[PDB]
Amino acid sequence: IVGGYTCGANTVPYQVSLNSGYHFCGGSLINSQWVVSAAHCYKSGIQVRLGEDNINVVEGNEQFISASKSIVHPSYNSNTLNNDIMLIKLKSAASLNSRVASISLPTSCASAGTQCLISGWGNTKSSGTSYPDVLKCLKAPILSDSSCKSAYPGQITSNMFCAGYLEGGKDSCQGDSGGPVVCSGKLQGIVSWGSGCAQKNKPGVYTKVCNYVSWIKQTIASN
Ligand SMILES: NC(=[NH2+])c1ccc2[nH]c(-c3ncccc3[O-])nc2c1
Ligand SMILES: [Ca+2]
Ligand SMILES: [Cl-]
């Protein structure tokens with residue numbers, strides 16, 4: 001997160017860290033045994049870490065659960081990142097309390113201008129790499145589809161939306177991939193891609209979760 005602030009320990013209880021010996025992507029807890037992340041975060045050897053704040057110190061509240069399986073969307077395209085969503089099922093269910101909690105899936109898509117909260121342990125510098133120990137947050141609005149398509153001509157599908165600031169300075173970045181974009185208590189986006197981080201007129205692009213709620217429900221109901 002570039003231009004963001006320290007969220008405060010456990011203030012984003014549905015945020016998870018995907019770990020393979022180090023933090024590589026974020027994700028969102030949607031029920032006690034399922035997490036939602038981005039298809040490009042897929043790898044084997046994933047341990048899901050819940051209740052985290054400092055990812056390098058065990059401070060208490062953490063729950064480390066191995067993924068029993070990851071389900072990448074069958075139509076995911078790694079070259080356009082269209083359908084960039086993945087579901088991870090946990091080996092055991094997580095103990096939910098006030099520090100670890102799930103986030104609701106949306107019943108409707110959000111509109112331009114909606115203010116959302118984006119969080120993650122990704123890079124904090126637009127020019128260079130500084131990775132934080134604690135969770136960073138950024139409040140950003142959903143942009144109109146015309147400005148988004150005007151910024152990335154021919155690269156935005158209907159399963160994507162842009163959120164952020166065209167002036168530059170505040171944005172999600174590498175390490176934040178797979179994490180949440182929550183608007184009004186509902187998970188509306190997943191951090192997917194962008195050009196550099198916090199560059200002028202190059203806002204972040206997010207996977208539009210309202211387009212996949214039945215796919216998520218049907219997939220969880222059968223696995
Ligand atoms: N500018 C952004 N909003 C953005 C967000 C997530 C990103 N993730 C990545 C990324 N880059 C290199 C390897 C993996 C990644 O997820 N770039 C990203 C850029
Ligand atoms: Ca920790
Ligand atoms: Cl276009």
# chains A, B, ... in the order shown; residues from 1 in each chain; ligands from 1
>>> closest_atom_pairs(of="chain A", to="ligand 1", cutoff="8 Å", atoms="only C-alpha atoms and all ligand atoms", output="Markdown table")
| residue | atom | partner | partner_atom_place_in_ligand_line | distance |
| --- | --- | --- | --- | --- |
| A:25 | CA | ligand 1 | 16 (O) | 7.3 |
| A:40 | CA | ligand 1 | 16 (O) | 7.1 |
| A:41 | CA | ligand 1 | 16 (O) | 7.2 |
| A:171 | CA | ligand 1 | 3 (N) | 5.4 |
| A:172 | CA | ligand 1 | 3 (N) | 4.3 |
| A:173 | CA | ligand 1 | 4 (C) | 3.9 |
| A:174 | CA | ligand 1 | 8 (N) | 3.7 |
| A:175 | CA | ligand 1 | 16 (O) | 6.0 |
| A:176 | CA | ligand 1 | 6 (C) | 5.6 |
| A:177 | CA | ligand 1 | 16 (O) | 4.5 |
| A:178 | CA | ligand 1 | 16 (O) | 7.7 |
| A:191 | CA | ligand 1 | 6 (C) | 5.5 |
| A:192 | CA | ligand 1 | 6 (C) | 5.2 |
| A:193 | CA | ligand 1 | 5 (C) | 4.3 |
| A:194 | CA | ligand 1 | 1 (N) | 3.7 |
| A:195 | CA | ligand 1 | 1 (N) | 5.3 |
| A:196 | CA | ligand 1 | 1 (N) | 5.1 |
| A:197 | CA | ligand 1 | 1 (N) | 3.8 |
| A:198 | CA | ligand 1 | 1 (N) | 6.1 |
| A:199 | CA | ligand 1 | 1 (N) | 7.8 |
| A:202 | CA | ligand 1 | 1 (N) | 7.4 |
| A:203 | CA | ligand 1 | 3 (N) | 6.3 |
| A:204 | CA | ligand 1 | 3 (N) | 3.3 |
| A:205 | CA | ligand 1 | 3 (N) | 6.0 |
| A:206 | CA | ligand 1 | 3 (N) | 7.9 |
>>> select_by_dssp(residues="chain A", states="strand (DSSP E)", output="number ranges by chain")
A: 5-6, 15-19, 23-31, 34-37, 47-50, 63-72, 86-90, 115-120, 136-141, 160-163, 180-183, 186-193, 204-208
>>> closest_atom_pairs(of="chain A", to="ligand 3", cutoff="7 Å", atoms="only C-alpha atoms and all ligand atoms", output="tab-separated table")
residue	atom	partner	partner_atom_place_in_ligand_line	distance
A:149	CA	ligand 3	1 (Cl)	5.5
A:153	CA	ligand 3	1 (Cl)	4.6
A:154	CA	ligand 3	1 (Cl)	4.1
A:155	CA	ligand 3	1 (Cl)	6.9
A:156	CA	ligand 3	1 (Cl)	6.9
>>> select_by_dssp(residues="segment 23-170 of chain A", states="alpha helix (DSSP H)", output="PyMOL selection string")
chain A and resi 145-151
>>> write_last_selection(atoms="N, CA, C and O atoms", output="PDB file, in the first residue's frame")
ATOM      1  N   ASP A 145     -16.421   3.933 -14.914  1.00  0.00           N
ATOM      2  CA  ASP A 145     -15.905   3.017 -15.962  1.00  0.00           C
ATOM      3  C   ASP A 145     -15.269   3.838 -17.077  1.00  0.00           C
ATOM      4  O   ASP A 145     -14.274   3.374 -17.613  1.00  0.00           O
ATOM      5  N   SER A 146     -15.777   4.998 -17.430  1.00  0.00           N
ATOM      6  CA  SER A 146     -15.158   5.822 -18.507  1.00  0.00           C
ATOM      7  C   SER A 146     -13.726   6.215 -18.132  1.00  0.00           C
ATOM      8  O   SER A 146     -12.840   6.121 -18.964  1.00  0.00           O
ATOM      9  N   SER A 147     -13.461   6.658 -16.913  1.00  0.00           N
ATOM     10  CA  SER A 147     -12.073   7.042 -16.552  1.00  0.00           C
ATOM     11  C   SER A 147     -11.197   5.787 -16.511  1.00  0.00           C
ATOM     12  O   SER A 147     -10.040   5.836 -16.910  1.00  0.00           O
ATOM     13  N   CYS A 148     -11.728   4.700 -16.043  1.00  0.00           N
ATOM     14  CA  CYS A 148     -10.930   3.464 -15.973  1.00  0.00           C
ATOM     15  C   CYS A 148     -10.530   3.013 -17.373  1.00  0.00           C
ATOM     16  O   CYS A 148      -9.366   2.746 -17.603  1.00  0.00           O
ATOM     17  N   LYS A 149     -11.470   2.936 -18.279  1.00  0.00           N
ATOM     18  CA  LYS A 149     -11.180   2.504 -19.670  1.00  0.00           C
ATOM     19  C   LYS A 149     -10.349   3.557 -20.339  1.00  0.00           C
ATOM     20  O   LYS A 149      -9.580   3.220 -21.219  1.00  0.00           O
ATOM     21  N   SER A 150     -10.476   4.789 -19.962  1.00  0.00           N
ATOM     22  CA  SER A 150      -9.658   5.821 -20.598  1.00  0.00           C
ATOM     23  C   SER A 150      -8.234   5.618 -20.108  1.00  0.00           C
ATOM     24  O   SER A 150      -7.303   5.877 -20.836  1.00  0.00           O
ATOM     25  N   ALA A 151      -8.016   5.166 -18.908  1.00  0.00           N
ATOM     26  CA  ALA A 151      -6.629   4.957 -18.374  1.00  0.00           C
ATOM     27  C   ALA A 151      -5.962   3.697 -18.922  1.00  0.00           C
ATOM     28  O   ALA A 151      -4.764   3.691 -19.165  1.00  0.00           O
TER      29      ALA A 151
END
>>> closest_atom_pairs(of="chain A", to="ligand 2", cutoff="6 Å", atoms="only C-alpha atoms and all ligand atoms", output="tab-separated table")
residue	atom	partner	partner_atom_place_in_ligand_line	distance
A:52	CA	ligand 2	1 (Ca)	4.8
A:53	CA	ligand 2	1 (Ca)	5.5
A:54	CA	ligand 2	1 (Ca)	4.3
A:55	CA	ligand 2	1 (Ca)	4.0
A:56	CA	ligand 2	1 (Ca)	5.5
A:57	CA	ligand 2	1 (Ca)	4.2
A:58	CA	ligand 2	1 (Ca)	4.1
A:59	CA	ligand 2	1 (Ca)	5.3
>>> write_last_selection(atoms="N, CA, C and O atoms", output="mmCIF file, in the first residue's frame")
data_model
loop_
_atom_site.group_PDB
_atom_site.id
_atom_site.type_symbol
_atom_site.label_atom_id
_atom_site.label_comp_id
_atom_site.auth_asym_id
_atom_site.auth_seq_id
_atom_site.Cartn_x
_atom_site.Cartn_y
_atom_site.Cartn_z
ATOM 1 N N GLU A 52 -3.409 -11.706 11.881
ATOM 2 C CA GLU A 52 -2.095 -11.060 11.811
ATOM 3 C C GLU A 52 -2.122 -9.549 11.805
ATOM 4 O O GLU A 52 -3.087 -8.928 11.384
ATOM 5 N N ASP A 53 -1.048 -8.997 12.283
ATOM 6 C CA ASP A 53 -0.858 -7.527 12.303
ATOM 7 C C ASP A 53 0.616 -7.532 11.876
ATOM 8 O O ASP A 53 0.920 -7.383 10.710
ATOM 9 N N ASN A 54 1.566 -7.729 12.760
ATOM 10 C CA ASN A 54 3.003 -7.747 12.356
ATOM 11 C C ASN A 54 3.207 -9.128 11.748
ATOM 12 O O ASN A 54 3.106 -10.111 12.467
ATOM 13 N N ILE A 55 3.487 -9.329 10.511
ATOM 14 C CA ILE A 55 3.664 -10.705 9.964
ATOM 15 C C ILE A 55 5.011 -11.311 10.293
ATOM 16 O O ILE A 55 5.217 -12.461 9.943
ATOM 17 N N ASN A 56 5.889 -10.605 10.932
ATOM 18 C CA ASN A 56 7.216 -11.177 11.272
ATOM 19 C C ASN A 56 7.288 -11.515 12.759
ATOM 20 O O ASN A 56 8.271 -12.126 13.137
ATOM 21 N N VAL A 57 6.316 -11.140 13.571
ATOM 22 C CA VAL A 57 6.307 -11.439 15.047
ATOM 23 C C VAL A 57 5.052 -12.204 15.486
ATOM 24 O O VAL A 57 3.976 -11.817 15.043
ATOM 25 N N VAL A 58 5.072 -13.208 16.303
ATOM 26 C CA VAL A 58 3.858 -13.940 16.753
ATOM 27 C C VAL A 58 3.489 -13.025 17.953
ATOM 28 O O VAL A 58 4.153 -13.019 18.969
ATOM 29 N N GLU A 59 2.449 -12.264 17.836
ATOM 30 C CA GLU A 59 2.033 -11.351 18.929
ATOM 31 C C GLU A 59 0.807 -11.893 19.630
ATOM 32 O O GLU A 59 0.402 -11.348 20.634
#
>>> closest_residue(among="A:18, A:67, A:183, A:85", to="residue 38 of chain A", atoms="only C-alpha atoms")
A:85
>>> closest_residue(among="A:60, A:141, A:185, A:168", to="residue 2 of chain A", atoms="only C-alpha atoms")
A:168
>>> residues_around(residues="residue 87 of chain A", least_positions_apart="5", cutoff="7 Å", atoms="only C-alpha atoms", output="PyMOL selection string")
chain A and resi 34-37+70-72
>>> write_last_selection(atoms="N, CA, C and O atoms", output="PDB file, in the first residue's frame")
ATOM      1  N   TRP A  34     -13.346 -20.932   4.319  1.00  0.00           N
ATOM      2  CA  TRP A  34     -13.041 -20.466   2.944  1.00  0.00           C
ATOM      3  C   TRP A  34     -12.522 -19.033   2.876  1.00  0.00           C
ATOM      4  O   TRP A  34     -13.016 -18.130   3.536  1.00  0.00           O
ATOM      5  N   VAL A  35     -11.535 -18.838   2.058  1.00  0.00           N
ATOM      6  CA  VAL A  35     -10.853 -17.546   1.797  1.00  0.00           C
ATOM      7  C   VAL A  35     -10.956 -17.236   0.304  1.00  0.00           C
ATOM      8  O   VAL A  35     -10.982 -18.133  -0.532  1.00  0.00           O
ATOM      9  N   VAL A  36     -11.005 -15.967  -0.015  1.00  0.00           N
ATOM     10  CA  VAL A  36     -11.084 -15.553  -1.408  1.00  0.00           C
ATOM     11  C   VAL A  36      -9.826 -14.721  -1.677  1.00  0.00           C
ATOM     12  O   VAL A  36      -9.441 -13.864  -0.884  1.00  0.00           O
ATOM     13  N   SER A  37      -9.196 -14.991  -2.794  1.00  0.00           N
ATOM     14  CA  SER A  37      -7.982 -14.266  -3.177  1.00  0.00           C
ATOM     15  C   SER A  37      -7.967 -14.152  -4.692  1.00  0.00           C
ATOM     16  O   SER A  37      -8.985 -14.349  -5.356  1.00  0.00           O
ATOM     17  N   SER A  70      -6.977 -25.106  -3.412  1.00  0.00           N
ATOM     18  CA  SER A  70      -7.182 -23.774  -4.015  1.00  0.00           C
ATOM     19  C   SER A  70      -7.919 -24.019  -5.316  1.00  0.00           C
ATOM     20  O   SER A  70      -7.527 -24.891  -6.072  1.00  0.00           O
ATOM     21  N   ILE A  71      -8.948 -23.277  -5.579  1.00  0.00           N
ATOM     22  CA  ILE A  71      -9.791 -23.401  -6.809  1.00  0.00           C
ATOM     23  C   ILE A  71      -9.695 -22.114  -7.605  1.00  0.00           C
ATOM     24  O   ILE A  71     -10.330 -21.122  -7.259  1.00  0.00           O
ATOM     25  N   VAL A  72      -8.902 -22.141  -8.643  1.00  0.00           N
ATOM     26  CA  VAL A  72      -8.701 -20.962  -9.519  1.00  0.00           C
ATOM     27  C   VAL A  72      -9.930 -20.935 -10.424  1.00  0.00           C
ATOM     28  O   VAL A  72     -10.399 -21.987 -10.808  1.00  0.00           O
TER      29      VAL A  72
END
>>> closest_residue(among="A:5, A:29, A:158, A:76", to="residue 95 of chain A", atoms="only C-alpha atoms")
A:29
>>> decode(residues="segment 7-48 of chain A", atoms="N, CA and C atoms", output="PDB file, in the first residue's frame")
ATOM      1  N   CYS A   7      -3.104   0.410   9.732  1.00  0.00           N
ATOM      2  CA  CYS A   7      -4.502   0.146  10.123  1.00  0.00           C
ATOM      3  C   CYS A   7      -4.750   0.095  11.625  1.00  0.00           C
ATOM      4  N   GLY A   8      -3.888  -0.526  12.390  1.00  0.00           N
ATOM      5  CA  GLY A   8      -4.092  -0.644  13.865  1.00  0.00           C
ATOM      6  C   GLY A   8      -4.264  -2.202  13.995  1.00  0.00           C
ATOM      7  N   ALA A   9      -3.708  -2.850  14.983  1.00  0.00           N
ATOM      8  CA  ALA A   9      -3.839  -4.316  15.116  1.00  0.00           C
ATOM      9  C   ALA A   9      -5.263  -4.833  15.127  1.00  0.00           C
ATOM     10  N   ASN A  10      -5.459  -5.848  14.349  1.00  0.00           N
ATOM     11  CA  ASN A  10      -6.744  -6.572  14.173  1.00  0.00           C
ATOM     12  C   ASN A  10      -7.945  -5.682  13.844  1.00  0.00           C
ATOM     13  N   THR A  11      -7.778  -4.560  13.194  1.00  0.00           N
ATOM     14  CA  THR A  11      -8.925  -3.673  12.872  1.00  0.00           C
ATOM     15  C   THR A  11      -9.533  -4.099  11.544  1.00  0.00           C
ATOM     16  N   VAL A  12      -8.922  -5.021  10.883  1.00  0.00           N
ATOM     17  CA  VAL A  12      -9.426  -5.520   9.571  1.00  0.00           C
ATOM     18  C   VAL A  12      -9.458  -7.047   9.795  1.00  0.00           C
ATOM     19  N   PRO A  13     -10.379  -7.600  10.542  1.00  0.00           N
ATOM     20  CA  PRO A  13     -10.318  -9.017  10.990  1.00  0.00           C
ATOM     21  C   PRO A  13     -10.506 -10.034   9.894  1.00  0.00           C
ATOM     22  N   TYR A  14     -10.944  -9.646   8.734  1.00  0.00           N
ATOM     23  CA  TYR A  14     -11.135 -10.630   7.627  1.00  0.00           C
ATOM     24  C   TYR A  14      -9.912 -10.672   6.735  1.00  0.00           C
ATOM     25  N   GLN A  15      -8.897  -9.873   7.012  1.00  0.00           N
ATOM     26  CA  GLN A  15      -7.652  -9.875   6.168  1.00  0.00           C
ATOM     27  C   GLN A  15      -6.763 -11.111   6.410  1.00  0.00           C
ATOM     28  N   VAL A  16      -6.326 -11.836   5.410  1.00  0.00           N
ATOM     29  CA  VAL A  16      -5.441 -12.985   5.738  1.00  0.00           C
ATOM     30  C   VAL A  16      -4.156 -12.720   4.907  1.00  0.00           C
ATOM     31  N   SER A  17      -3.105 -13.396   5.262  1.00  0.00           N
ATOM     32  CA  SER A  17      -1.788 -13.330   4.614  1.00  0.00           C
ATOM     33  C   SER A  17      -1.608 -14.749   4.041  1.00  0.00           C
ATOM     34  N   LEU A  18      -1.211 -14.892   2.800  1.00  0.00           N
ATOM     35  CA  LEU A  18      -1.001 -16.227   2.205  1.00  0.00           C
ATOM     36  C   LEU A  18       0.528 -16.302   2.392  1.00  0.00           C
ATOM     37  N   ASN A  19       0.960 -17.382   2.968  1.00  0.00           N
ATOM     38  CA  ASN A  19       2.371 -17.595   3.245  1.00  0.00           C
ATOM     39  C   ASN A  19       3.006 -18.863   2.756  1.00  0.00           C
ATOM     40  N   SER A  20       4.171 -18.823   2.165  1.00  0.00           N
ATOM     41  CA  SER A  20       4.891 -20.046   1.683  1.00  0.00           C
ATOM     42  C   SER A  20       6.334 -19.803   2.230  1.00  0.00           C
ATOM     43  N   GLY A  21       6.555 -19.465   3.467  1.00  0.00           N
ATOM     44  CA  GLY A  21       7.950 -19.221   3.949  1.00  0.00           C
ATOM     45  C   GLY A  21       8.130 -17.708   3.982  1.00  0.00           C
ATOM     46  N   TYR A  22       7.201 -16.941   3.479  1.00  0.00           N
ATOM     47  CA  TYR A  22       7.257 -15.466   3.458  1.00  0.00           C
ATOM     48  C   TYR A  22       5.826 -15.078   2.983  1.00  0.00           C
ATOM     49  N   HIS A  23       5.452 -13.839   3.148  1.00  0.00           N
ATOM     50  CA  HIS A  23       4.107 -13.318   2.746  1.00  0.00           C
ATOM     51  C   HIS A  23       4.175 -13.041   1.240  1.00  0.00           C
ATOM     52  N   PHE A  24       3.273 -13.544   0.466  1.00  0.00           N
ATOM     53  CA  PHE A  24       3.313 -13.275  -0.982  1.00  0.00           C
ATOM     54  C   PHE A  24       1.963 -12.722  -1.436  1.00  0.00           C
ATOM     55  N   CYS A  25       0.848 -12.872  -0.761  1.00  0.00           N
ATOM     56  CA  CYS A  25      -0.435 -12.290  -1.272  1.00  0.00           C
ATOM     57  C   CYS A  25      -1.379 -12.151  -0.121  1.00  0.00           C
ATOM     58  N   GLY A  26      -2.424 -11.408  -0.277  1.00  0.00           N
ATOM     59  CA  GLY A  26      -3.403 -11.241   0.822  1.00  0.00           C
ATOM     60  C   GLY A  26      -4.623 -12.035   0.395  1.00  0.00           C
ATOM     61  N   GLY A  27      -5.660 -11.962   1.162  1.00  0.00           N
ATOM     62  CA  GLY A  27      -6.904 -12.679   0.841  1.00  0.00           C
ATOM     63  C   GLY A  27      -7.953 -12.221   1.863  1.00  0.00           C
ATOM     64  N   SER A  28      -9.168 -12.654   1.693  1.00  0.00           N
ATOM     65  CA  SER A  28     -10.284 -12.283   2.613  1.00  0.00           C
ATOM     66  C   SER A  28     -11.002 -13.538   3.135  1.00  0.00           C
ATOM     67  N   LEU A  29     -11.291 -13.576   4.407  1.00  0.00           N
ATOM     68  CA  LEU A  29     -11.978 -14.709   5.027  1.00  0.00           C
ATOM     69  C   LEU A  29     -13.503 -14.498   4.733  1.00  0.00           C
ATOM     70  N   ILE A  30     -14.209 -15.405   4.110  1.00  0.00           N
ATOM     71  CA  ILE A  30     -15.665 -15.162   3.859  1.00  0.00           C
ATOM     72  C   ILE A  30     -16.507 -16.110   4.717  1.00  0.00           C
ATOM     73  N   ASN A  31     -15.977 -17.113   5.370  1.00  0.00           N
ATOM     74  CA  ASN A  31     -16.739 -18.058   6.276  1.00  0.00           C
ATOM     75  C   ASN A  31     -15.646 -18.762   7.067  1.00  0.00           C
ATOM     76  N   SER A  32     -15.870 -19.654   7.990  1.00  0.00           N
ATOM     77  CA  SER A  32     -14.721 -20.260   8.708  1.00  0.00           C
ATOM     78  C   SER A  32     -13.844 -21.207   7.965  1.00  0.00           C
ATOM     79  N   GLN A  33     -14.165 -21.702   6.796  1.00  0.00           N
ATOM     80  CA  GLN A  33     -13.214 -22.620   6.140  1.00  0.00           C
ATOM     81  C   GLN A  33     -12.916 -22.096   4.730  1.00  0.00           C
ATOM     82  N   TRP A  34     -13.346 -20.932   4.319  1.00  0.00           N
ATOM     83  CA  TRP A  34     -13.041 -20.466   2.944  1.00  0.00           C
ATOM     84  C   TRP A  34     -12.522 -19.033   2.876  1.00  0.00           C
ATOM     85  N   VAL A  35     -11.535 -18.838   2.058  1.00  0.00           N
ATOM     86  CA  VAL A  35     -10.853 -17.546   1.797  1.00  0.00           C
ATOM     87  C   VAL A  35     -10.956 -17.236   0.304  1.00  0.00           C
ATOM     88  N   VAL A  36     -11.005 -15.967  -0.015  1.00  0.00           N
ATOM     89  CA  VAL A  36     -11.084 -15.553  -1.408  1.00  0.00           C
ATOM     90  C   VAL A  36      -9.826 -14.721  -1.677  1.00  0.00           C
ATOM     91  N   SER A  37      -9.196 -14.991  -2.794  1.00  0.00           N
ATOM     92  CA  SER A  37      -7.982 -14.266  -3.177  1.00  0.00           C
ATOM     93  C   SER A  37      -7.967 -14.152  -4.692  1.00  0.00           C
ATOM     94  N   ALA A  38      -6.820 -13.849  -5.246  1.00  0.00           N
ATOM     95  CA  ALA A  38      -6.687 -13.686  -6.709  1.00  0.00           C
ATOM     96  C   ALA A  38      -6.092 -14.929  -7.321  1.00  0.00           C
ATOM     97  N   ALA A  39      -6.519 -15.244  -8.512  1.00  0.00           N
ATOM     98  CA  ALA A  39      -6.016 -16.418  -9.217  1.00  0.00           C
ATOM     99  C   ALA A  39      -4.527 -16.271  -9.471  1.00  0.00           C
ATOM    100  N   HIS A  40      -4.009 -15.081  -9.680  1.00  0.00           N
ATOM    101  CA  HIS A  40      -2.553 -15.044  -9.925  1.00  0.00           C
ATOM    102  C   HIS A  40      -1.762 -15.284  -8.635  1.00  0.00           C
ATOM    103  N   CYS A  41      -2.378 -15.443  -7.498  1.00  0.00           N
ATOM    104  CA  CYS A  41      -1.619 -15.706  -6.226  1.00  0.00           C
ATOM    105  C   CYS A  41      -1.512 -17.231  -6.082  1.00  0.00           C
ATOM    106  N   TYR A  42      -2.082 -18.000  -6.964  1.00  0.00           N
ATOM    107  CA  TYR A  42      -1.996 -19.466  -6.847  1.00  0.00           C
ATOM    108  C   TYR A  42      -0.588 -20.130  -6.824  1.00  0.00           C
ATOM    109  N   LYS A  43      -0.315 -21.009  -5.907  1.00  0.00           N
ATOM    110  CA  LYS A  43       0.970 -21.732  -5.821  1.00  0.00           C
ATOM    111  C   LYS A  43       0.602 -22.893  -4.903  1.00  0.00           C
ATOM    112  N   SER A  44       1.471 -23.806  -4.681  1.00  0.00           N
ATOM    113  CA  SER A  44       1.161 -24.938  -3.798  1.00  0.00           C
ATOM    114  C   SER A  44       1.955 -24.609  -2.546  1.00  0.00           C
ATOM    115  N   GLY A  45       1.706 -25.245  -1.436  1.00  0.00           N
ATOM    116  CA  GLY A  45       2.478 -24.956  -0.196  1.00  0.00           C
ATOM    117  C   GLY A  45       1.948 -23.696   0.423  1.00  0.00           C
ATOM    118  N   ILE A  46       0.668 -23.483   0.442  1.00  0.00           N
ATOM    119  CA  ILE A  46       0.134 -22.232   1.040  1.00  0.00           C
ATOM    120  C   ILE A  46      -0.411 -22.481   2.431  1.00  0.00           C
ATOM    121  N   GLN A  47       0.043 -21.642   3.314  1.00  0.00           N
ATOM    122  CA  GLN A  47      -0.393 -21.687   4.709  1.00  0.00           C
ATOM    123  C   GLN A  47      -1.195 -20.326   4.758  1.00  0.00           C
ATOM    124  N   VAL A  48      -2.375 -20.326   5.269  1.00  0.00           N
ATOM    125  CA  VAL A  48      -3.195 -19.107   5.373  1.00  0.00           C
ATOM    126  C   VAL A  48      -2.933 -18.615   6.828  1.00  0.00           C
TER     127      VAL A  48
END
